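Comments concern the structure below.
Using ideal geometry, Cβ is built from the backbone for each residue, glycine included, and neighbour counts are taken over all protein chains shown. Nothing in this text is a laboratory measurement; each read-out follows from the coordinates by a stated rule.
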Amino acid sequence: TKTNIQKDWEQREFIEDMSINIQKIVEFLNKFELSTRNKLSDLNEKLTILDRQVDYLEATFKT
Amino acid sequence: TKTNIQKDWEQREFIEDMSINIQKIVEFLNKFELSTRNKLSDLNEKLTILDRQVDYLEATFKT
Amino acid sequence: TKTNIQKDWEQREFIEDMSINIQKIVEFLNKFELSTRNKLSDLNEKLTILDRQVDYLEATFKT
Ligand SMILES: [Ca+2]
Ligand SMILES: [Ca+2]
Ligand SMILES: [Ca+2]
Ligand SMILES: [Ca+2]
Ligand SMILES: [Ca+2]
Ligand SMILES: [Ca+2]
C-alpha cells in the first residue's frame, strides 16, 4: 500500500541512514579510544606514584 | 549464471546483512563500554583502598 | 551531469564501501578489545604485586 515513489524513497533513506550510522560509530570509537587511553594513563601514573611512596617507606623502615 | 531474480535476492540480502551487522556492532559497543567503565571503576577503588593503607602505615611509622 | 552508467557505478561503490568500512570497524574492535583487556590485566597484576609488598611491610613493622 505504498506507491513506487514512496518505496524507492524509503529504500534510499534506509541505505543513507546506514552511512550515517557507520560515521556515528567511527566518531564514537575515536572518542572512546581516547578516553580509555587517558584513563589507563592516569591509573598507571597513580600506581607509579604509590609504588615510589611504598619503596621509600621500605627504605626508611629497613634502615 | 544466476537469474535476475536470484541476483536481486542476493543484492538485497547483502544490504540487509549490513543493517544487521551495524546493529550487532552497536550492541557490542554498549556492552564493551559498560564493561570497560566497570573494570576501570574497580581498579580505581582498589588503588584508593591501597593508598589509604599506605598512608596509615606511614603515619604509624613516622609517629 | 553524469550518465546513468556513471551514477549506477557510484551508487554501487557507495554501498561496497560501507561493507568495507563495517569490516574495518570489526577488525579494529577485535584489536582494541584485546589491547584493552591486556592493559587492564597488566594494571591488575601490578596492583596485586604492590598490595603484597604493602602487606609484608605492615607485618614487618607491626611485629
Ligand atoms: Ca536521508
Ligand atoms: Ca534521501
Ligand atoms: Ca535477510
Ligand atoms: Ca531479503
Ligand atoms: Ca569497489
Ligand atoms: Ca564496484
Using the Cα centre of chain A as the reference point, and only Cβ charges (+1 on K/R, -1 on D/E), how large is the resulting charge dipole? Debye, rounded to the nearest 20. 80
Per residue of chain A, what 222 nm ellipticity follows from adding -39500 (n - 2.57) for every DSSP H run with n ≥ 4, rounded to the nearest 500? -35500 deg cm²/dmol
HN-Hα couplings for the stretch A:51-63 via Karplus (6.51, -1.76, 1.60; θ = phi - 60°), in whole Hz with x for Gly/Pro, come out as 4, 5, 4, 5, 4, 5, 5, 4, 4, 5, 6, 5, 8
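Can you check what the net charge comes to around C:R52, using other residues whose Cβ is under 12 Å from the Cβ of C:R52 (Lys, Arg +1; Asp, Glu -1)? Walk me through the numbers before you get to the answer.
On the way: positive: C:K46; negative: C:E45, C:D51, C:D55, C:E58.
Around C:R52, the surrounding residues sum to -3.
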Can you tell me what the convex hull of the Cα atoms of the protein assembly as shown projects to on average, as an area in nm²? 17.9
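Could you compute Rg(Cα) / (2.2 N^0.38 Å) for the stretch C:1-61, with N its residue count?
Values: Rg = 26.2 Å, N = 61, 2.2 N^0.38 = 10.5 Å.
In units of the globular-protein estimate, the stretch C:1-61 measures up at 2.50.
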Select from B:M18, B:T1, B:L43 the residue farthest towards the positive end of the dipole of the stretch B:1-61; place +1 on Cβ of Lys and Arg, -1 on Cβ of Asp and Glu, and compute about the Cα centre. B:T1
Checking the cross-link filter: which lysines have an alpha carbon closer than 28 Å to that of C:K7, excluding same-chain neighbours under 8 positions apart? A:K2, A:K7, A:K24, B:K2, B:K7, C:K24
The ³J(HN,Hα) series, computed from each phi in the stretch B:2-18 with the Karplus coefficients 6.51, -1.76 and 1.60 at θ = phi - 60°, rounded to the nearest Hz and given as x for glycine or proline, is 10, 6, 4, 5, 5, 5, 5, 4, 5, 5, 5, 4, 4, 5, 4, 5, 5
Pseudo-label separations to other copies for C:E45 - Cα-to-Cβ vector, 7 Å, nm: 2.4, 2.4
Under 28 Å from C:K62, Cα to Cα: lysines that are on another chain or at least 8 residues apart: A:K46, A:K62, B:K46, B:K62, C:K46
Average partner chain C-beta neighbours within 10 Å, per residue of B:8-17? 2
Sum of side-chain charges, A:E10 neighbourhood, beta-carbon under 13 Å (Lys, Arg +1; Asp, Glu -1): -1
The alpha-carbon center of the stretch C:42-59 and that of the stretch B:1-30 are separated, in whole Å, by 51
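Could you give the size of the charge dipole of the protein assembly as shown about its Cα centre, using +1 on the Cβ of each K and R and -1 on the Cβ of each D and E, expressed in debye and rounded to the nearest 20? List each step's numbers first, then the result.
On the way: 30 positive and 36 negative charges, 35 e Å.
The dipole of the protein assembly as shown has a size of about 180 debye.
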